[PDB]
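Worksheet for the structure shown next.
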Amino acid sequence: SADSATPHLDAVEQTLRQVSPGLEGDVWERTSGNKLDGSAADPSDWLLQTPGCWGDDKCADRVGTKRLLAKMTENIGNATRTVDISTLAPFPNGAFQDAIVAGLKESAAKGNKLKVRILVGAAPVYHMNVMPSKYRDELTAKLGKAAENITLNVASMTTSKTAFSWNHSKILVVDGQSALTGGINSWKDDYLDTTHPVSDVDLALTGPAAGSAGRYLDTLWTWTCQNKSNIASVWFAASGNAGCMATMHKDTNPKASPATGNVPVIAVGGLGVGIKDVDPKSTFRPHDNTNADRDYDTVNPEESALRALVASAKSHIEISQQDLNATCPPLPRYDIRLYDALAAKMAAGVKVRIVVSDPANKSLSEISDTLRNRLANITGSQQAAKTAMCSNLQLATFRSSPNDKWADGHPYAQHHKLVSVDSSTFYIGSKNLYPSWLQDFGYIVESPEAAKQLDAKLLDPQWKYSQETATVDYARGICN
């Protein structure tokens, strides 16, 4: 018999086909033959962490931020057909707008005509600020003659006011072949023009999984174009006499995709609330969408995917987030199934590390109490839960140097949406583990070599400096 080399993806895949079989290909998809898109000088700079400093409370070394903008510009400059962007509102500004304009100029100067879609999610509280025909006109102006060659769609959207749903994915796809995604929304959002930068992470790849991200954006733009005349759902603007490009990606880029490397990946996203009510093909049979809406799960496969990734761990789990708990009624406080899966792992002796952003930006007491309570349901007592938790948990707030705050007085903050298991398989994307009902997207990658680079470049230094704040740390017998 043959032994799989991708046991973690196999497990996640099996769950996704149970929960969202009708969404395979569009909202989630497993592909082989990808390449983590790091140069030759640096094999590891597929991992776009920002700011990239460690051990320096002044953050002198901004190599990560410089690299991110160069990669955006470079990837867009190599476009020959299509550029596909999603983020949270506002529309691109500052250094990110500069990288987009420079990339588009670079591609236009090589003789290319491009189709470009720029899609942002707006919170009703934010709406007025986001004006797509204004952004269209500002981008057109900055491009100059290069704008002659750009067919542009620009839109902001809210899929549900009542259930607080809009786009939160942060994606850049060029020619359906290269993709960047992760947690980085804009330069100012992460205070990168600043000496207290926020810590964040994106990944860059090429290959079939880039097509997966284009198909996810086709799913959002199909709904956007269907609703482009409903002023309460969508504000849409286009250049010239262009239409609304619902399926830019299906149309201009094929579906069979040649391999660029040897990395297997599961692309996975969610449709939030108000795009699709249910996956009609699903037979899954498991107001609060996170914990008590079957139909919601079937159209938000990323929630199940992340819980399955946790469940697939045989040895150890590292979680790095802004928080695990939500503070946004009517959203629930936490994902019950997630904490239950973390508890079950600790009850089996699998190690769990949780690093969250400083509450200033206890937060920790809330996490450990809930984990303890879920473990008590499993182990039968509070004393047995404490044994399981204290012996298997690391829980701390994030630090990037031996200083308790940045040198300039402000606390450290982090925006990662990162999960890694068994130094083998990890998620990088925009989906937070705390309850949220937005459209999101990310990649689950199984590669021990890449996961060890993630350890060496991110998770190891992270823990080196964050452990000073730990309220629980089985490796030093701390359990407060």
Side-chain angles (χ1 to χ4, degrees), residues 72-73 75-94 96-122 127-159 166-167 169 171-179 186 210-211 213-254:
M72 287 166 58
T73 299
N75 276 13
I76 295 171
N78 293 329
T80 66
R81 292 185 312 263
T82 68
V83 177
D84 217 347
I85 294 157
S86 65
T87 67
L88 190 69
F91 284 110
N93 227 323
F96 279 34
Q97 175 81 319
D98 291 350
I100 293 171
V101 172
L104 287 174
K105 281 167 136 3
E106 185 190 344
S107 169
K110 293 171 207 179
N112 301 112
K113 293 182 307 224
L114 301 179
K115 293 165 185 165
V116 181
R117 299 189 299 201
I118 301 179
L119 181 70
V120 300
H127 277 202
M128 287 201 27
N129 273 324
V130 316
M131 264 165 311
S133 67
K134 195 200 137 122
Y135 177 77
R136 183 201 56 209
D137 292 357
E138 202 75 289
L139 187 66
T140 287
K142 287 197 137 124
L143 281 165
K145 219 204 183 274
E148 289 182 344
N149 300 322
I150 307 301
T151 307
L152 190 50
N153 280 187
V154 175
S156 57
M157 53 95 101
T158 303
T159 61
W166 55 79
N167 179 70
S169 72
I171 302 174
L172 169 62
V173 181
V174 175
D175 296 344
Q177 187 270 157
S178 73
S186 75
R215 279 184 284 278
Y216 173 78
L217 287 177
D218 271 5
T219 308
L220 306 195
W221 273 101
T222 289
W223 175 93
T224 299
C225 293
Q226 268 156 11
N227 285 268
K228 63 178 199 75
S229 303
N230 178 4
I231 47 57
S233 302
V234 175
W235 295 354
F236 171 81
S239 65
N241 196 19
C244 197
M245 308 187 273
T247 54
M248 200 177 62
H249 181 284
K250 183 207 181 233
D251 295 340
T252 323
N253 308 319

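For the single chain, residues carry numbers from 1 onward in sequence order. Every heavy atom of this structure was used, including side-chain atoms; hydrogens, water molecules and symmetry mates were not.
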Smallest heavy-atom separation, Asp175 atom then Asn78 atom, equals OD2-O, 3.6 Å
How about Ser107 and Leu114: do any of their side-chain heavy atoms sit closer than 4.5 Å?
yes
Minimum heavy-atom distance between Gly214 and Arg117, given as atom pair plus value:
O-NH2, 4.1 Å
Treating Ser169 as the side-chain partner and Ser86 as the backbone partner, does any N or O pair qualify as donor plus acceptor under 3.5 Å?
no
Which atom pair, heavy atoms only, marks the closest approach of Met157 to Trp166?
O-CB, 3.6 Å
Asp218 side chain to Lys250 main-chain N or O, any donor-acceptor pair under 3.5 Å?
yes
Contacts of type side-chain contact (heavy atoms from CB on, under 4.5 Å), residue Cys244, not counting sequence neighbours
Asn153, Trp221, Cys225, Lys228, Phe236
Are side-chain heavy atoms of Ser178 and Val173 found at a separation under 4.5 Å?
no
Test log, rule side-chain contact (heavy atoms from CB on, under 4.5 Å), inputs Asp84 and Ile171
CA-CA 8 Å; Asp84 217 347; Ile171 302 174; over 6 Å; no
Would a distance-only check, ignoring hydrogens and angles, find a side-chain to backbone donor-acceptor pair under 3.5 Å from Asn227 to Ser233?
no
Any side-chain heavy atom of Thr151 sitting closer than 4.5 Å to one from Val116?
no
Look up atom CG in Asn93 and atom OH in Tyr135, then write down how far apart they are to the nearest 0.5 Å.
8.5 Å
Here the pair of heavy atoms bringing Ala237 nearest to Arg136 is CB-NH1, 3.7 Å
Within the structure provided, determine whether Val101 and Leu143 are in side-chain contact (heavy-atom separation under 4.5 Å).
yes
Inter-residue atom distance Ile100.CD1 - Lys105.NZ, 0.5 Å rounding
14.0 Å
Are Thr80 and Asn112 close enough that a side-chain donor and a side-chain acceptor fall under 3.5 Å?
no
On a heavy-atom basis, which atom in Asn253 and which in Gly176 lie closest, and how many Å separate them?
ND2-N, 3.4 Å
Can you give me the closest heavy-atom contact between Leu152 and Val154, atom names plus distance?
CG-CG2, 3.7 Å
In this structure, are over 12 heavy atoms from other groups packed under 6.0 Å from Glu138 atom CD?
no
Pair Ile118, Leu139 - check side-chain contact (heavy atoms from CB on, under 4.5 Å), show working.
CA-CA 11 Å; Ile118 301 179; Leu139 187 66; 4.0 Å; yes
Between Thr73 (side chain) and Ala99 (backbone), is there a donor-acceptor pair under 3.5 Å?
yes
When you measure from the side chain of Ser156 to the backbone of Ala122, do you find a donor-acceptor pair of N or O atoms at a distance under 3.5 Å?
no
Report the residues that fulfil side-chain contact (heavy atoms from CB on, under 4.5 Å) with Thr252, sequence neighbours left out, ordered by chain and then residue number.
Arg81, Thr82, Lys115, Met248
Let me confirm one number: the OG1-CE distance from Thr222 to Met245, rounded to the nearest 0.5 Å.
12.0 Å
Could you tell me whether a side-chain N or O of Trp223 sits under 3.5 Å from a main-chain N or O of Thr219, the two making a donor and an acceptor?
no
Tell me whether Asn167 contacts the main-chain N or O of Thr87 through its side chain, where contact means a donor paired with an acceptor under 3.5 Å.
yes
Looking at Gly77, is its backbone amide N or carbonyl O close enough to the side chain of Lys110 to form a donor-acceptor pair, meaning the two atoms are under 3.5 Å apart?
yes
